[PDB]
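As a convention, Cβ positions derive from the backbone with ideal geometry for all residues, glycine included, and neighbour counts pool all protein chains shown. What follows draws every value from the coordinates through simple rules; no lab data is involved.
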Amino acid sequence: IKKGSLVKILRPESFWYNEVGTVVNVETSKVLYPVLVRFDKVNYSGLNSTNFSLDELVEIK
Amino acid sequence: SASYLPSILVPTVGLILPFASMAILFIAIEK
Amino acid sequence: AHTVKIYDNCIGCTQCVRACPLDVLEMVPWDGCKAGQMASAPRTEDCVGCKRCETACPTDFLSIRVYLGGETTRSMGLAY
Amino acid sequence: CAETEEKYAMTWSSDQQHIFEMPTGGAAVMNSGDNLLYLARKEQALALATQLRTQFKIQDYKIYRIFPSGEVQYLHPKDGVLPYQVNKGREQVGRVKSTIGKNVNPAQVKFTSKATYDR
Amino acid sequence: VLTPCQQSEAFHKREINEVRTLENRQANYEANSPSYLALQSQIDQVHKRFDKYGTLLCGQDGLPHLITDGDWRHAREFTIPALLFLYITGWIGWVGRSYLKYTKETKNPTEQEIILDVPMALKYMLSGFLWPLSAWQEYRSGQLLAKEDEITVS
Amino acid sequence: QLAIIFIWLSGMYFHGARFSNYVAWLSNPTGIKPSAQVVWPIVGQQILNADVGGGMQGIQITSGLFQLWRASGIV
Amino acid sequence: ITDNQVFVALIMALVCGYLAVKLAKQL
Amino acid sequence: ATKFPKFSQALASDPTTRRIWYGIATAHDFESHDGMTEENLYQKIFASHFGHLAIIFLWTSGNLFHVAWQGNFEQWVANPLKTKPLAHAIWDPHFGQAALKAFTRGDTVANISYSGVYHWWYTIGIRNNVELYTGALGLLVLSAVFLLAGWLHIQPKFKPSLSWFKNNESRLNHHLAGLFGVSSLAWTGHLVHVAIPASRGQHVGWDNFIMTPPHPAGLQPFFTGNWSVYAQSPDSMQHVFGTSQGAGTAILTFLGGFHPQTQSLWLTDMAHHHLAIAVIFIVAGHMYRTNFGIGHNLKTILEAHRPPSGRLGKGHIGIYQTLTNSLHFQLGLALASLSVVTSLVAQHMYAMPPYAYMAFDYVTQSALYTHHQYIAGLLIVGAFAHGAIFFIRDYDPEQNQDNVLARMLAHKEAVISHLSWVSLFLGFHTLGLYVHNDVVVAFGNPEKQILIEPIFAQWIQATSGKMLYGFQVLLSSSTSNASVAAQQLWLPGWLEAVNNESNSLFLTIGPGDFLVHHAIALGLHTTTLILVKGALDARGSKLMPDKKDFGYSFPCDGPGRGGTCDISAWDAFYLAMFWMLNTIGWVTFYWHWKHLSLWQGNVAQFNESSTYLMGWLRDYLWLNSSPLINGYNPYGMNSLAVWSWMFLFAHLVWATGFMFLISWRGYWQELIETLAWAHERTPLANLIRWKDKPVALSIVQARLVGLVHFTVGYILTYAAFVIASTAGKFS
Amino acid sequence: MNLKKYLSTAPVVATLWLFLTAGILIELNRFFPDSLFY
Ligand code: CLA
Ligand code: CLA
Ligand code: CLA
Ligand code: CLA
Ligand SMILES: CC1=C(/C=C/C(C)=C/C=C/C(C)=C/C=C/C=C(C)/C=C/C=C(C)/C=C/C2=C(C)CCCC2(C)C)C(C)(C)CCC1
Ligand SMILES: CC1=C(/C=C/C(C)=C/C=C/C(C)=C\C=C\C=C(C)\C=C\C=C(C)\C=C\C2=C(C)CCCC2(C)C)C(C)(C)CCC1
Ligand code: SF4
Ligand code: SF4
Ligand code: SF4
């Protein structure tokens, strides 16, 4: 929801499913996948920074 | 013991059956 | 023909079209992303299916998926 | 061959007699004014389009798809526009509502003539 | 049948065969040759080698078999190097786990596994000695395991 | 690369010097089998030291260095 | 051990061959 | 329908040569055709089952006919130790002159039937060629019956309804009762009426089998339950199999153990055996409901087994749905159960040799075991291959909502990690110990070996009476509970067979048993690491979760995301077929080198020279291929010249497999373009143009055809070496 | 200064360490050869 929040994912096809990651971008411009999140570890394409929607976006405290 | 029968059946199934069966299957590709 | 389907992860960064050596994929103005772009695959009759798009598809997991369908003359890519 | 297969005729124009490389192999003379090139398959032709375009300005180029009944087609360019550049004329086909995450299981497509992504 | 090894006859036949067969090479050299001295030390390394197998069980082959039941009459065969070995790779496993859960939180963890922090590496290299009651005290703390890590579809 | 080759050839001339039976081989070449490398005596592998004559054993050369040295005239 | 039973055998498997082509040209 | 794949229009439009190969390899893939729905599927596999059964009975009528007509069967009956069992005769026009002198056995030039068939037909009670002809006609008739049914149930109004196919409920009421229970009961009706009297000398052919009862008094004072009369007078000691000397007249005596003379099981034991198995299966046929309604609803049998412990998901609720609707689950259980049955068959054909004068010809016994082990491994790999086909093209995790199967796909990570652990452990602790023993033996010292006595197998042989170890437990101790408990019934006839070292039952055991049996468990756990891997990661992995969308044998995903060579669920097949041939490799090398030490006699030749690897490559491959590879010389040839040829032939199969396995397509796809350029451009051949366009083999086919040459080369090489090795050291 | 950082890399530490444990086994098998007990 907010920038910089540590966020676990709930979409089973991501490489980072059930792994927390830091929110880079939150866009408020009707984008279906507005929240650009990057990570510590890296998938097979060499690309940690991906993006997600709000339903697949669980913050922690 | 009809000993002459392999001298008939072993060629007519060993070679000429995979000639005409090549014809039947391979024309049967186009039928 | 190799059915190329382009899902809604397609943030329109055009490495698919610039990566495809067949112009089966173009870019379509689609007001659903930040860049306003989303690729399309109209001419999948020319689609080889070499999956050079899915190499250079920097989405989360593969907005553009190339399903290996039928094999015509052009989709087999034979020279003669 | 030209009696039964589609020959792809890349036509283009230039300014100087440079030297490019054929997809057949080996260098070609590169007529300066305007020149055609009959090719075999499309990846050769657009590989020549990348062969020229990543070197220098070669634009106003496109293959006429010679199919053996006689007529032509217009590949590459299609719309006076470069394909990764966005023109507001290309109507999108080949999309679904979401990611792979909502594709149906193939035990629901089983014994039916559908696809695992159609929804 | 597992005979006690010090009185198996074919075992002693292997003693005669390797001492005498190795002594066939000793019939080439003079009394002060360094080769000949090496075969003196080698014959020592055969008689000691066979007298130090006096409590094994060489069967019908004259070859010393083992036992892995933990009979406590044969614990020096297997279970004592079993406990010893599991201590050594519980050391190595605990050192590797402790070092990775160090460098998981550093500045550049990718650089930390190429270039080992020999400060913190040789910290943990030695510090993983009491790993049974360090893993048993981290396991009661809810820290040895993990939960809700990566998984595929289903 | 030439540094590794000179380390290698200096290795061959030193293994010919210290470890080999080359001076003994030069007496009767057709009887004494050529050997340089004298295996260290650990468990069992002292059996690799072949009694190749020359009053000293070790694993046998097949690289033919001694035939290059007799042609060279190394005495 | 005889010859006539061999003829009877290839008759019965010739008929069985007609059931093989008979089943074969329906599935 | 238009061209070739009269069944798939996705391949009839293909102009290449792929329409041929995929037209062949997807022919039996009935779940993926043009418009073949469920009723049109079961009504085709049900007919093709009949075509298959008629192929089986045509084949067994083939063996009956060649043994009936070209074999030496009754001359073999005269002297079953001396004369070799002849197979079908030869007609080569290629055997010039010197070959024919290396095959004449009488007037015939026939092959020597190394398939154990005369033994089984000799214990059945076939003592003539006439009964073989009447049996061969009796199976040509039966194959005509099965072809009649498969042709008959594809005739349209006799194509049965799918609700009949979904009477899953009652097939088990009829297979367990009729197919298994009655027929085995009927097989006692053979053994009581044929094998017992024609073993005890009485030629009970098809005449007097209703006028000569197998017991001299029978069935009018025998509904009264005086059943000890049928086990009254056994065949004790002084009998040769076939005559009437030294034999009693009891039918169902359970002595246990072997013959003294033929070293096979008693046919009284098999008559009583199939009779008891018959009664227990007929009892098991009364298990499920039907139109009557006295039995078990299967939904009430998988629904009820949800534990209140709660650990095992929401129980099996969902399993009965995914066996009716599925087929690859049902075929996976079928190949699993048949495969474990085959391995049980193999582990008992040598151990308890059933057939008289087997374990006397040492080649047929060496071929039956290896035969059923390679068929055993093939059918396990079929069970897991259709397991992965079940998890892709047949699995519904919404009818399997948090089911036992969905629980399996949940903890598949722990499953594959622990299979990989035990396979790694055994692979560093067989190969570690063989390279230890081989270095140490190599360094002039066989004594400094690690030999671990396999005490658990020695203790289990002590539980079955093998007194040669000194444990003195349940049956080895003659005073225990089980030792007294069957002291009259079957023990003293059986412990003689156990404590003997002639027979192949409960063998004497060195540490080669230890190191090899760990190598076998390495093979099982690697092969299930692969199969359970690409059966549980068959559906979706973290490399690509799209895998369920692509079907079973999709090729790859391209170079994207690092490279994706062999990600499919077909790879687990493709690799665990190598591990199948390897593992069954070590099983049959171990068995065959154990029995080339027993049959030669020098068991110490095994136990001293099998604990390390040059014991195998020296004492078994280098030495026992000597009468093989002398199959033909520049001095002449002998009868082994077939196998020594086949041997070499099979190497040429095997390494051609590597041409497809190692070197993949895009080499050849740009080499066929040179061949088609050269064919198009040349004169006198540009007239003869192809119709199907020449295209190199696709990379599922290519890995498959390289696998097929790997199997055919492997199995023909080892079938050459078993038979030429034992037939060279003997016969 | 940075030489020790080269001596802290993966293969150099792996050879200075596996050289050391290999030295433990080789020196512990000259001194105590043929150790099948314990
Ligand atoms: C950090 C050290 C470490 C630790 C604690 C473990 C622990 C484990 N591994 Mg392992 N592994 C490691 C390193 C480690 N691994 C490395 C470096 C590799 C690459 C070779 C592997 C490859 C590997 C495979 C392929 C498998 C395991 C498995 C397992 C589990 C079963 C135990 C086993 O058989 O080990 C396996 C041990 C080995 C394969 C060899 C030992 C690994 C190295 C050489 C020893 C550790 C030294 C390490 C480099 C020290 C670094 C720290 C130091 C510099 C300060 C266990 C949780 C298995 C599993 O999933 O079971 C549940 C399994 O199948 N591991
Ligand atoms: C009593 C009635 C009866 C009987 C005898 C059968 C018999 C058969 N049915 Mg069937 N069926 C029945 C009722 C019956 N059915 C009913 C009522 C239904 C409807 C609910 C069906 C529905 C049905 C379907 C849908 C299918 C069959 C099929 C089959 C065939 C199985 C394949 C086969 O031959 O395996 C033979 C197997 C054995 C003999 C035993 C194998 C395993 C044992 C344990 C090992 C062998 C024993 C021994 C150790 C080895 C001896 C070998 C020797 C060399 C020593 C078989 C002929 C299938 C088929 O192939 O179609 C024809 C098929 O698809 N049936
Ligand atoms: C009764 C048992 C049984 C049955 C009914 C099936 C049925 C099926 N299997 Mg199958 N399978 C089985 C056992 C069985 N399998 C076993 C035991 C294994 C392990 C070896 C497999 C491994 C297997 C794989 C890997 C695949 C199947 C597939 C299939 C499906 C399509 C098969 C097809 O179209 O082939 C068409 C027919 C052929 C290809 C002919 C077979 C020729 C083979 C390849 C080589 C034999 C050539 C021979 C050795 C050369 C002779 C020369 C001589 C010198 C030896 C079908 C439902 C496929 C599937 O469902 O995926 C979509 C698939 O990919 N099966
Ligand atoms: C000689 C042939 C060979 C060998 C040894 C192996 C060995 C192995 N395969 Mg395998 N495989 C082979 C051929 C072979 N394969 C072929 C032909 C195929 C078909 C392509 C496969 C397909 C296959 C699959 C599909 C799988 C395996 C797996 C495995 C591993 C099983 C677990 C185990 O036993 O670990 C014990 C480890 C060993 C036996 C390794 C050998 C020990 C080495 C030599 C010592 C370490 C190096 C040593 C110090 C030398 C240093 C070198 C020097 C330069 C410094 C094991 C490494 C599986 C796996 O990953 O399991 C976890 C797996 O899933 N294999
Ligand atoms: C993938 C898949 C699958 C698979 C397949 C298979 C292959 C399986 C496995 C399985 C198997 C392969 C089987 C096995 C089993 C096991 C067993 C069965 C064991 C046990 C044992 C026992 C039981 C024994 C014991 C004993 C004795 C020794 C004597 C006394 C008594 C008794 C009996 C107890 C399935 C279809 C399922 C599902 C789907 C998918
Ligand atoms: C006694 C004996 C024996 C054995 C057996 C047994 C005992 C078995 C079982 C088995 C078992 C009983 C197992 C268990 C397991 C389980 C689990 C559950 C595991 C765990 C693991 C873990 C937890 C790991 C971790 C770790 C650690 C701990 C340390 C560090 C490293 C690591 C991290 C890796 C024998 C016969 C040999 C011999 C005689 C005696
Ligand atoms: S999908 Fe990946 S590649 Fe295709 S446009 Fe969007 S970003 Fe560029
Ligand atoms: S499929 Fe092959 S060709 Fe068509 S776009 Fe994706 S990569 Fe380029
Ligand atoms: S090689 Fe061909 S098949 Fe194997 S991964 Fe690269 S692309 Fe996919």
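What to note about this one:
- Rg ratio for the stretch H:500-581: its Cα radius of gyration over 2.2 N^0.38 Å, N being its residue count, equals 1.62.
- Between the beta carbons of residue H:651 and residue B:16, assuming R0 = 30 Å, the FRET efficiency works out to 0.45 to the nearest 0.05.
- The peptide list H:103-109, B:17-23, put in order of mean Cβ contacts within 10 Å with the highest first, becomes H:103-109, B:17-23.
- Based on the convex hull around the alpha carbon atoms, chain A presents an average projected area of 4.0 nm².
- Average partner coverage of E:57-68, which counts Cβ from other chains inside 10 Å: 6
- Label point distance in nm, residue I:30-residue D:104, each placed 7 Å from Cα along Cα→Cβ: 7.6 nm
- Per-peptide average of other Cβ atoms within 10 Å, ordering H:608-615, H:529-536 highest first: H:529-536, H:608-615
- For the pair chain A / the stretch H:152-169, the C-alpha centres are spaced 54 Å from each other.
- Antiparallel DSSP beta bridges within chain H, as percent of all bridges there, nearest 5: 60 percent
- Label point at residue E:102 placed 7 Å out along Cα→Cβ; residues across the stretch E:119-141 whose backbone nitrogen lies under 14 Å: E:119-129
- Cα-based values for chain D, radius of gyration first and Dmax second, are 20.0, 61 Å.
- Distance between the modelled labels on residue I:37 and residue H:74, one decimal in nanometres: 7.4 nm (7 Å Cα→Cβ projection).
- Rounded to whole Å, sorted largest first: equivalent-ellipsoid semi-axes of the stretch H:8-146, Cα gyration tensor: 43, 23, 10
- Global geometry of chain F, whether rounded, prolate or oblate, following the gyration tensor of its Cα atoms and the 1.5 cut on a/c: oblate
- Averaged over the residues of H:409-418, the number of partner chain Cβ atoms lying within 10 Å of the residue Cβ comes to 1.
- Taking each residue as 0.36 nm, the span from residue H:411 to residue H:638 lengthens on full extension beyond its C-alpha to C-alpha distance by 75.8 nm.
- Paramagnetic reach from residue H:244 (point 7 Å along Cα→Cβ, amide N under 17 Å) across the stretch H:168-208: H:193-208
- Computed over the stretch E:38-91, the alpha-carbon pair-distance distribution with 5 angstrom bins reads 5, 16, 16, 18, 17, 14, 10, 4, 0, each value a whole percent.
- When DSSP beta bridges are restricted to pairs lying wholly in the protein assembly as shown, around 90% turn out antiparallel.
- Inter-probe distance in nm under a simple model that places probes 7 Å from Cα toward Cβ, at residue A:1 and residue F:47: 7.6 nm
- Chain H: calculated mean residue ellipticity at 222 nm from DSSP helix runs of at least 4, using -39500 (n - 2.57): -16000 deg cm²/dmol
- Scaled against 2.2 N^0.38 Å for its residue count N, the alpha carbon radius of gyration of the protein assembly as shown is 1.12.
- Three-way shape call for chain C based on the alpha-carbon gyration tensor, with the a/c threshold at 1.5: prolate
- Residues residue I:4 and residue F:40, FRET efficiency given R0 of 51 Å [Cβ-Cβ distance, rounded to 0.05]: 0.95
- Peptides E:117-126, H:133-142, H:466-475 ordered by packing proxy, namely the average of other Cβ atoms within 10 Å per residue, highest first: H:133-142, H:466-475, E:117-126.
- A straight line joining the Cα centroids of the stretch E:79-154 and the stretch D:3-18 runs 65 Å.
- In summary, the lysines within cross-link reach of residue H:84, defined as a Cα separation below 16 angstrom excluding same-chain residues under 8 places away, comprise H:729.
- Across chain H the C-alpha pair distances fall into 20 Å bins from zero in the proportions 13, 42, 39, 7, 0 percent.
- For the peptide H:436-446, the mean number of other protein chain Cβ atoms found within 10 angstrom of a residue's Cβ is 4.
- Potential lengthening between residue F:7 and residue F:27 on full extension [0.36 nm per residue; Cα-Cα distance subtracted]: 4.3 nm
- Rounded to the nearest 0.05, the FRET efficiency derived from the C-beta distance between residue E:111 and residue E:31 at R0 = 60 Å is 0.45.
- Projected onto planes of every orientation and averaged, the convex hull of the alpha-carbon atoms in the stretch H:636-698 covers 7.5 nm².
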